[PDB]
file model.cif (mmCIF, N, CA and C atoms)
data_upload
loop_
_atom_site.group_PDB
_atom_site.id
_atom_site.type_symbol
_atom_site.label_atom_id
_atom_site.label_comp_id
_atom_site.auth_asym_id
_atom_site.auth_seq_id
_atom_site.Cartn_x
_atom_site.Cartn_y
_atom_site.Cartn_z
ATOM 1 N N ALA A 1 -78.916 -29.432 -91.324
ATOM 2 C CA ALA A 1 -78.077 -28.683 -92.281
ATOM 3 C C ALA A 1 -77.774 -27.287 -91.735
ATOM 4 N N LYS A 2 -76.501 -26.847 -91.721
ATOM 5 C CA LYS A 2 -76.096 -25.527 -91.178
ATOM 6 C C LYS A 2 -74.914 -24.844 -91.881
ATOM 7 N N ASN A 3 -74.141 -25.559 -92.707
ATOM 8 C CA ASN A 3 -73.060 -24.949 -93.496
ATOM 9 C C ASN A 3 -73.577 -24.190 -94.726
ATOM 10 N N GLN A 4 -74.611 -24.730 -95.377
ATOM 11 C CA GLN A 4 -75.326 -24.059 -96.477
ATOM 12 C C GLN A 4 -76.857 -24.193 -96.430
ATOM 13 N N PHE A 5 -77.415 -24.902 -95.440
ATOM 14 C CA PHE A 5 -78.862 -25.140 -95.291
ATOM 15 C C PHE A 5 -79.517 -25.821 -96.515
ATOM 16 N N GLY A 6 -78.733 -26.546 -97.326
ATOM 17 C CA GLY A 6 -79.189 -27.139 -98.596
ATOM 18 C C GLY A 6 -79.344 -26.142 -99.757
ATOM 19 N N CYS A 7 -79.182 -24.845 -99.489
ATOM 20 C CA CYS A 7 -79.310 -23.768 -100.459
ATOM 21 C C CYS A 7 -78.039 -23.600 -101.303
ATOM 22 N N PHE A 8 -78.216 -23.265 -102.578
ATOM 23 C CA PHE A 8 -77.136 -22.818 -103.465
ATOM 24 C C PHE A 8 -77.698 -21.880 -104.541
ATOM 25 N N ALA A 9 -76.947 -20.839 -104.919
ATOM 26 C CA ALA A 9 -77.323 -19.871 -105.955
ATOM 27 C C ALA A 9 -78.749 -19.283 -105.809
ATOM 28 N N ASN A 10 -79.198 -19.031 -104.572
ATOM 29 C CA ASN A 10 -80.553 -18.552 -104.218
ATOM 30 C C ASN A 10 -81.693 -19.586 -104.394
ATOM 31 N N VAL A 11 -81.389 -20.887 -104.526
ATOM 32 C CA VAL A 11 -82.360 -21.958 -104.828
ATOM 33 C C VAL A 11 -82.206 -23.171 -103.893
ATOM 34 N N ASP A 12 -83.321 -23.851 -103.608
ATOM 35 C CA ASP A 12 -83.434 -25.109 -102.845
ATOM 36 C C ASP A 12 -82.963 -26.351 -103.647
ATOM 37 N N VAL A 13 -81.843 -26.246 -104.373
ATOM 38 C CA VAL A 13 -81.357 -27.299 -105.290
ATOM 39 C C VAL A 13 -80.908 -28.561 -104.550
ATOM 40 N N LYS A 14 -80.042 -28.422 -103.538
ATOM 41 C CA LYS A 14 -79.448 -29.558 -102.812
ATOM 42 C C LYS A 14 -80.275 -29.998 -101.600
ATOM 43 N N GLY A 15 -81.121 -29.118 -101.067
ATOM 44 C CA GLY A 15 -82.070 -29.404 -99.991
ATOM 45 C C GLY A 15 -82.892 -28.179 -99.587
ATOM 46 N N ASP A 16 -83.731 -28.354 -98.568
ATOM 47 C CA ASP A 16 -84.555 -27.300 -97.971
ATOM 48 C C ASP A 16 -83.902 -26.658 -96.740
ATOM 49 N N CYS A 17 -84.225 -25.390 -96.499
ATOM 50 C CA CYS A 17 -83.926 -24.684 -95.256
ATOM 51 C C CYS A 17 -85.148 -24.662 -94.313
ATOM 52 N N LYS A 18 -86.343 -25.029 -94.803
ATOM 53 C CA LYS A 18 -87.585 -25.013 -94.024
ATOM 54 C C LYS A 18 -87.457 -25.798 -92.719
ATOM 55 N N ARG A 19 -86.722 -26.914 -92.673
ATOM 56 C CA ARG A 19 -86.450 -27.654 -91.421
ATOM 57 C C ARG A 19 -85.648 -26.884 -90.362
ATOM 58 N N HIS A 20 -84.761 -25.964 -90.746
ATOM 59 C CA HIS A 20 -84.063 -25.064 -89.811
ATOM 60 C C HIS A 20 -84.988 -23.944 -89.307
ATOM 61 N N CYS A 21 -85.784 -23.327 -90.186
ATOM 62 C CA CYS A 21 -86.665 -22.216 -89.800
ATOM 63 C C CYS A 21 -87.982 -22.666 -89.135
ATOM 64 N N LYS A 22 -88.504 -23.866 -89.425
ATOM 65 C CA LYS A 22 -89.686 -24.452 -88.757
ATOM 66 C C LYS A 22 -89.439 -24.672 -87.255
ATOM 67 N N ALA A 23 -88.195 -24.949 -86.853
ATOM 68 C CA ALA A 23 -87.776 -25.013 -85.447
ATOM 69 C C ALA A 23 -87.804 -23.640 -84.733
ATOM 70 N N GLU A 24 -87.808 -22.546 -85.498
ATOM 71 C CA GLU A 24 -88.045 -21.163 -85.058
ATOM 72 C C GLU A 24 -89.524 -20.747 -85.294
ATOM 73 N N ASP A 25 -90.384 -21.683 -85.721
ATOM 74 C CA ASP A 25 -91.765 -21.486 -86.210
ATOM 75 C C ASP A 25 -91.897 -20.468 -87.363
ATOM 76 N N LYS A 26 -90.869 -20.385 -88.220
ATOM 77 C CA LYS A 26 -90.706 -19.411 -89.312
ATOM 78 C C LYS A 26 -90.615 -20.043 -90.696
ATOM 79 N N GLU A 27 -90.849 -19.234 -91.725
ATOM 80 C CA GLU A 27 -90.542 -19.616 -93.100
ATOM 81 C C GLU A 27 -89.018 -19.629 -93.279
ATOM 82 N N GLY A 28 -88.511 -20.532 -94.112
ATOM 83 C CA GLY A 28 -87.112 -20.554 -94.570
ATOM 84 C C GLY A 28 -86.992 -20.145 -96.039
ATOM 85 N N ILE A 29 -85.969 -19.354 -96.395
ATOM 86 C CA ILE A 29 -85.761 -18.849 -97.754
ATOM 87 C C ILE A 29 -84.267 -18.757 -98.115
ATOM 88 N N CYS A 30 -83.892 -19.381 -99.233
ATOM 89 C CA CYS A 30 -82.506 -19.460 -99.696
ATOM 90 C C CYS A 30 -81.994 -18.125 -100.269
ATOM 91 N N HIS A 31 -81.048 -17.491 -99.574
ATOM 92 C CA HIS A 31 -80.283 -16.332 -100.054
ATOM 93 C C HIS A 31 -78.839 -16.760 -100.342
ATOM 94 N N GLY A 32 -78.535 -16.930 -101.625
ATOM 95 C CA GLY A 32 -77.230 -17.329 -102.144
ATOM 96 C C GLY A 32 -76.876 -18.775 -101.815
ATOM 97 N N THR A 33 -75.732 -18.955 -101.162
ATOM 98 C CA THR A 33 -75.201 -20.230 -100.640
ATOM 99 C C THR A 33 -75.505 -20.442 -99.150
ATOM 100 N N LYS A 34 -76.439 -19.642 -98.620
ATOM 101 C CA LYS A 34 -76.955 -19.613 -97.252
ATOM 102 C C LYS A 34 -78.486 -19.474 -97.239
ATOM 103 N N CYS A 35 -79.042 -19.311 -96.043
ATOM 104 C CA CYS A 35 -80.463 -19.114 -95.806
ATOM 105 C C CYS A 35 -80.718 -17.934 -94.853
ATOM 106 N N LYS A 36 -81.953 -17.440 -94.883
ATOM 107 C CA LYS A 36 -82.554 -16.462 -94.000
ATOM 108 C C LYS A 36 -83.922 -17.009 -93.618
ATOM 109 N N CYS A 37 -84.333 -16.809 -92.376
ATOM 110 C CA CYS A 37 -85.714 -17.079 -91.994
ATOM 111 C C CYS A 37 -86.585 -15.862 -92.340
ATOM 112 N N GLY A 38 -87.739 -16.121 -92.941
ATOM 113 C CA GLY A 38 -88.745 -15.125 -93.281
ATOM 114 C C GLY A 38 -89.678 -14.867 -92.101
ATOM 115 N N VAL A 39 -90.965 -14.680 -92.383
ATOM 116 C CA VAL A 39 -92.000 -14.473 -91.356
ATOM 117 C C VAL A 39 -92.342 -15.732 -90.543
ATOM 118 N N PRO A 40 -92.846 -15.578 -89.302
ATOM 119 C CA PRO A 40 -93.411 -16.669 -88.515
ATOM 120 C C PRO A 40 -94.642 -17.251 -89.225
ATOM 121 N N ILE A 41 -94.766 -18.582 -89.250
ATOM 122 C CA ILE A 41 -95.803 -19.280 -90.017
ATOM 123 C C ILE A 41 -97.175 -19.120 -89.352
ATOM 124 N N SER A 42 -97.191 -19.063 -88.015
ATOM 125 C CA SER A 42 -98.384 -19.026 -87.174
ATOM 126 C C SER A 42 -99.069 -17.663 -87.211
ATOM 127 N N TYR A 43 -100.383 -17.654 -87.443
ATOM 128 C CA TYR A 43 -101.218 -16.449 -87.372
ATOM 129 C C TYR A 43 -102.660 -16.756 -86.942
ATOM 130 N N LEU A 44 -103.253 -15.818 -86.199
ATOM 131 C CA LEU A 44 -104.618 -15.860 -85.664
ATOM 132 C C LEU A 44 -105.616 -15.226 -86.631
#
call {"tool": "encode", "arguments": {"input": "model.cif", "output": "structure tokens"}}
result
Amino acid sequence: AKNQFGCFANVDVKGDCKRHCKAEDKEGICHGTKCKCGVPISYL
């Protein structure tokens, strides 16, 4: 998913963005009709 990352109206309604951001080893978070990656999931 890359046109809206499954996100709409700031919510995971139509799908998740976590599959796009997990490939960056990051959290995924729905901002509007798009997504932003949050922090990296990995920590020591």
call {"tool": "resolve_selection", "arguments": {"input": "model.cif", "expression": "the PyMOL selection byres ((chain A and resi 35) around 8)", "output": "short mmCIF file (atom, residue, chain, number, x, y, z; two decimals) with N, CA and C atoms, keeping the file's coordinate frame"}}
result
data_model
loop_
_atom_site.label_atom_id
_atom_site.label_comp_id
_atom_site.auth_asym_id
_atom_site.auth_seq_id
_atom_site.Cartn_x
_atom_site.Cartn_y
_atom_site.Cartn_z
N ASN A 3 -74.14 -25.56 -92.71
CA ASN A 3 -73.06 -24.95 -93.50
C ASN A 3 -73.58 -24.19 -94.73
N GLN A 4 -74.61 -24.73 -95.38
CA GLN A 4 -75.33 -24.06 -96.48
C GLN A 4 -76.86 -24.19 -96.43
N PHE A 5 -77.42 -24.90 -95.44
CA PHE A 5 -78.86 -25.14 -95.29
C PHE A 5 -79.52 -25.82 -96.52
N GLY A 6 -78.73 -26.55 -97.33
CA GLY A 6 -79.19 -27.14 -98.60
C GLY A 6 -79.34 -26.14 -99.76
N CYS A 7 -79.18 -24.84 -99.49
CA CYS A 7 -79.31 -23.77 -100.46
C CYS A 7 -78.04 -23.60 -101.30
N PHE A 8 -78.22 -23.26 -102.58
CA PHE A 8 -77.14 -22.82 -103.46
C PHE A 8 -77.70 -21.88 -104.54
N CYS A 17 -84.22 -25.39 -96.50
CA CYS A 17 -83.93 -24.68 -95.26
C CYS A 17 -85.15 -24.66 -94.31
N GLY A 28 -88.51 -20.53 -94.11
CA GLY A 28 -87.11 -20.55 -94.57
C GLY A 28 -86.99 -20.14 -96.04
N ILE A 29 -85.97 -19.35 -96.40
CA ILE A 29 -85.76 -18.85 -97.75
C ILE A 29 -84.27 -18.76 -98.12
N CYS A 30 -83.89 -19.38 -99.23
CA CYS A 30 -82.51 -19.46 -99.70
C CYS A 30 -81.99 -18.12 -100.27
N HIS A 31 -81.05 -17.49 -99.57
CA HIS A 31 -80.28 -16.33 -100.05
C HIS A 31 -78.84 -16.76 -100.34
N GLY A 32 -78.54 -16.93 -101.62
CA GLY A 32 -77.23 -17.33 -102.14
C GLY A 32 -76.88 -18.77 -101.82
N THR A 33 -75.73 -18.95 -101.16
CA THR A 33 -75.20 -20.23 -100.64
C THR A 33 -75.50 -20.44 -99.15
N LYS A 34 -76.44 -19.64 -98.62
CA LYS A 34 -76.96 -19.61 -97.25
C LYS A 34 -78.49 -19.47 -97.24
N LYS A 36 -81.95 -17.44 -94.88
CA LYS A 36 -82.55 -16.46 -94.00
C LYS A 36 -83.92 -17.01 -93.62
N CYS A 37 -84.33 -16.81 -92.38
CA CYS A 37 -85.71 -17.08 -91.99
C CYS A 37 -86.58 -15.86 -92.34
N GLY A 38 -87.74 -16.12 -92.94
CA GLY A 38 -88.74 -15.12 -93.28
C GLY A 38 -89.68 -14.87 -92.10
#
call {"tool": "residues_near_point", "arguments": {"input": "model.cif", "point": "(-83.9, -28.6, -92.1)", "cutoff": "10 Å", "atoms": "only C-alpha atoms", "output": "number ranges by chain"}}
result
A: 1-2, 5-6, 15-23, 28
call {"tool": "write_last_selection", "arguments": {"input": "model.cif", "atoms": "N, CA and C atoms", "output": "PDB file, keeping the file's coordinate frame"}}
result
ATOM      1  N   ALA A   1     -78.916 -29.432 -91.324  1.00  0.00           N
ATOM      2  CA  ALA A   1     -78.077 -28.683 -92.281  1.00  0.00           C
ATOM      3  C   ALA A   1     -77.774 -27.287 -91.735  1.00  0.00           C
ATOM      4  N   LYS A   2     -76.501 -26.847 -91.721  1.00  0.00           N
ATOM      5  CA  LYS A   2     -76.096 -25.527 -91.178  1.00  0.00           C
ATOM      6  C   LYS A   2     -74.914 -24.844 -91.881  1.00  0.00           C
ATOM      7  N   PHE A   5     -77.415 -24.902 -95.440  1.00  0.00           N
ATOM      8  CA  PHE A   5     -78.862 -25.140 -95.291  1.00  0.00           C
ATOM      9  C   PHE A   5     -79.517 -25.821 -96.515  1.00  0.00           C
ATOM     10  N   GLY A   6     -78.733 -26.546 -97.326  1.00  0.00           N
ATOM     11  CA  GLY A   6     -79.189 -27.139 -98.596  1.00  0.00           C
ATOM     12  C   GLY A   6     -79.344 -26.142 -99.757  1.00  0.00           C
ATOM     13  N   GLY A  15     -81.121 -29.118-101.067  1.00  0.00           N
ATOM     14  CA  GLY A  15     -82.070 -29.404 -99.991  1.00  0.00           C
ATOM     15  C   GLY A  15     -82.892 -28.179 -99.587  1.00  0.00           C
ATOM     16  N   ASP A  16     -83.731 -28.354 -98.568  1.00  0.00           N
ATOM     17  CA  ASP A  16     -84.555 -27.300 -97.971  1.00  0.00           C
ATOM     18  C   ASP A  16     -83.902 -26.658 -96.740  1.00  0.00           C
ATOM     19  N   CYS A  17     -84.225 -25.390 -96.499  1.00  0.00           N
ATOM     20  CA  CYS A  17     -83.926 -24.684 -95.256  1.00  0.00           C
ATOM     21  C   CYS A  17     -85.148 -24.662 -94.313  1.00  0.00           C
ATOM     22  N   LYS A  18     -86.343 -25.029 -94.803  1.00  0.00           N
ATOM     23  CA  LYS A  18     -87.585 -25.013 -94.024  1.00  0.00           C
ATOM     24  C   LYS A  18     -87.457 -25.798 -92.719  1.00  0.00           C
ATOM     25  N   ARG A  19     -86.722 -26.914 -92.673  1.00  0.00           N
ATOM     26  CA  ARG A  19     -86.450 -27.654 -91.421  1.00  0.00           C
ATOM     27  C   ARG A  19     -85.648 -26.884 -90.362  1.00  0.00           C
ATOM     28  N   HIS A  20     -84.761 -25.964 -90.746  1.00  0.00           N
ATOM     29  CA  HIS A  20     -84.063 -25.064 -89.811  1.00  0.00           C
ATOM     30  C   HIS A  20     -84.988 -23.944 -89.307  1.00  0.00           C
ATOM     31  N   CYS A  21     -85.784 -23.327 -90.186  1.00  0.00           N
ATOM     32  CA  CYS A  21     -86.665 -22.216 -89.800  1.00  0.00           C
ATOM     33  C   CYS A  21     -87.982 -22.666 -89.135  1.00  0.00           C
ATOM     34  N   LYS A  22     -88.504 -23.866 -89.425  1.00  0.00           N
ATOM     35  CA  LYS A  22     -89.686 -24.452 -88.757  1.00  0.00           C
ATOM     36  C   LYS A  22     -89.439 -24.672 -87.255  1.00  0.00           C
ATOM     37  N   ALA A  23     -88.195 -24.949 -86.853  1.00  0.00           N
ATOM     38  CA  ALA A  23     -87.776 -25.013 -85.447  1.00  0.00           C
ATOM     39  C   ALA A  23     -87.804 -23.640 -84.733  1.00  0.00           C
ATOM     40  N   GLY A  28     -88.511 -20.532 -94.112  1.00  0.00           N
ATOM     41  CA  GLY A  28     -87.112 -20.554 -94.570  1.00  0.00           C
ATOM     42  C   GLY A  28     -86.992 -20.145 -96.039  1.00  0.00           C
TER      43      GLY A  28
END
call {"tool": "atom_distance", "arguments": {"input": "model.cif", "atom1": "CA of residue 26 in chain A", "atom2": "CA of residue 39 in chain A"}}
result
5.5 Å
call {"tool": "atom_distance", "arguments": {"input": "model.cif", "atom1": "atom N of residue 40 in chain A", "atom2": "atom C of residue 9 in chain A"}}
result
22.0 Å
call {"tool": "select_by_dssp", "arguments": {"input": "model.cif", "residues": "chain A", "states": "alpha helix (DSSP H)", "output": "PyMOL selection string"}}
result
chain A and resi 18-22
call {"tool": "write_last_selection", "arguments": {"input": "model.cif", "atoms": "N, CA and C atoms", "output": "mmCIF file, keeping the file's coordinate frame"}}
result
data_model
loop_
_atom_site.group_PDB
_atom_site.id
_atom_site.type_symbol
_atom_site.label_atom_id
_atom_site.label_comp_id
_atom_site.auth_asym_id
_atom_site.auth_seq_id
_atom_site.Cartn_x
_atom_site.Cartn_y
_atom_site.Cartn_z
ATOM 1 N N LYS A 18 -86.343 -25.029 -94.803
ATOM 2 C CA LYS A 18 -87.585 -25.013 -94.024
ATOM 3 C C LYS A 18 -87.457 -25.798 -92.719
ATOM 4 N N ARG A 19 -86.722 -26.914 -92.673
ATOM 5 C CA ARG A 19 -86.450 -27.654 -91.421
ATOM 6 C C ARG A 19 -85.648 -26.884 -90.362
ATOM 7 N N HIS A 20 -84.761 -25.964 -90.746
ATOM 8 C CA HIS A 20 -84.063 -25.064 -89.811
ATOM 9 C C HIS A 20 -84.988 -23.944 -89.307
ATOM 10 N N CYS A 21 -85.784 -23.327 -90.186
ATOM 11 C CA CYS A 21 -86.665 -22.216 -89.800
ATOM 12 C C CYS A 21 -87.982 -22.666 -89.135
ATOM 13 N N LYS A 22 -88.504 -23.866 -89.425
ATOM 14 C CA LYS A 22 -89.686 -24.452 -88.757
ATOM 15 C C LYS A 22 -89.439 -24.672 -87.255
#
call {"tool": "axis_aligned_box", "arguments": {"input": "model.cif", "around": "range 19-33 of chain A", "padding_each_side": "8 Å", "output": "AutoDock Vina command-line options"}}
result
--center_x -83.5 --center_y -22.0 --center_z -93.4 --size_x 32.7 --size_y 27.3 --size_z 33.4
call {"tool": "atom_distance", "arguments": {"input": "model.cif", "atom1": "atom N of residue 27 in chain A", "atom2": "CA of residue 42 in chain A"}}
result
8.8 Å
call {"tool": "decode", "arguments": {"input": "model.cif", "residues": "chain A", "atoms": "C-alpha atoms", "output": "PDB file, in the first residue's frame"}}
result
ATOM      1  CA  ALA A   1       0.000   0.000   0.000  1.00  0.00           C
ATOM      2  CA  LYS A   2       1.447   3.463  -1.006  1.00  0.00           C
ATOM      3  CA  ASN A   3      -1.362   5.795  -2.271  1.00  0.00           C
ATOM      4  CA  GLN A   4      -2.933   6.036   1.235  1.00  0.00           C
ATOM      5  CA  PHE A   5      -1.135   3.235   3.236  1.00  0.00           C
ATOM      6  CA  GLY A   6      -4.639   1.939   4.269  1.00  0.00           C
ATOM      7  CA  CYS A   7      -5.042   5.132   6.387  1.00  0.00           C
ATOM      8  CA  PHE A   8      -8.045   7.505   6.270  1.00  0.00           C
ATOM      9  CA  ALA A   9      -9.127  10.412   8.573  1.00  0.00           C
ATOM     10  CA  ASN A  10      -6.094   9.735  10.924  1.00  0.00           C
ATOM     11  CA  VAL A  11      -7.253   6.048  11.480  1.00  0.00           C
ATOM     12  CA  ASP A  12      -6.282   2.466  10.370  1.00  0.00           C
ATOM     13  CA  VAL A  13      -9.873   1.975   8.973  1.00  0.00           C
ATOM     14  CA  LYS A  14      -9.113   0.472   5.502  1.00  0.00           C
ATOM     15  CA  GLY A  15      -5.737  -1.122   6.460  1.00  0.00           C
ATOM     16  CA  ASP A  16      -2.417  -0.821   8.351  1.00  0.00           C
ATOM     17  CA  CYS A  17       0.690   1.256   7.549  1.00  0.00           C
ATOM     18  CA  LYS A  18       2.835  -0.959   9.897  1.00  0.00           C
ATOM     19  CA  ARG A  19       3.818  -3.177   6.872  1.00  0.00           C
ATOM     20  CA  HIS A  20       5.380  -0.104   5.107  1.00  0.00           C
ATOM     21  CA  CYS A  21       7.237   1.144   8.249  1.00  0.00           C
ATOM     22  CA  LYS A  22       8.335  -2.390   9.482  1.00  0.00           C
ATOM     23  CA  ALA A  23      10.426  -2.571   6.239  1.00  0.00           C
ATOM     24  CA  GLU A  24      12.218   0.568   7.648  1.00  0.00           C
ATOM     25  CA  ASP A  25      12.291  -1.246  11.109  1.00  0.00           C
ATOM     26  CA  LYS A  26       9.961   1.597  12.349  1.00  0.00           C
ATOM     27  CA  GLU A  27       6.510   2.168  13.826  1.00  0.00           C
ATOM     28  CA  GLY A  28       3.781   3.222  11.326  1.00  0.00           C
ATOM     29  CA  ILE A  29       1.155   5.895  12.233  1.00  0.00           C
ATOM     30  CA  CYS A  30      -1.816   7.232  10.200  1.00  0.00           C
ATOM     31  CA  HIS A  31      -1.739  11.044   9.635  1.00  0.00           C
ATOM     32  CA  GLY A  32      -4.911  11.980   7.699  1.00  0.00           C
ATOM     33  CA  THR A  33      -5.272  10.149   4.336  1.00  0.00           C
ATOM     34  CA  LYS A  34      -1.513   9.262   4.491  1.00  0.00           C
ATOM     35  CA  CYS A  35       1.063   7.796   6.911  1.00  0.00           C
ATOM     36  CA  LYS A  36       4.261   8.795   8.766  1.00  0.00           C
ATOM     37  CA  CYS A  37       6.823   6.426  10.257  1.00  0.00           C
ATOM     38  CA  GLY A  38       7.362   6.930  14.014  1.00  0.00           C
ATOM     39  CA  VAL A  39      10.332   5.630  16.067  1.00  0.00           C
ATOM     40  CA  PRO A  40      12.503   2.565  15.190  1.00  0.00           C
ATOM     41  CA  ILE A  41      11.031  -0.548  16.904  1.00  0.00           C
ATOM     42  CA  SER A  42      14.450  -2.040  17.854  1.00  0.00           C
ATOM     43  CA  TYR A  43      16.102  -1.099  21.185  1.00  0.00           C
ATOM     44  CA  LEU A  44      18.906  -2.481  23.432  1.00  0.00           C
TER      45      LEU A  44
END
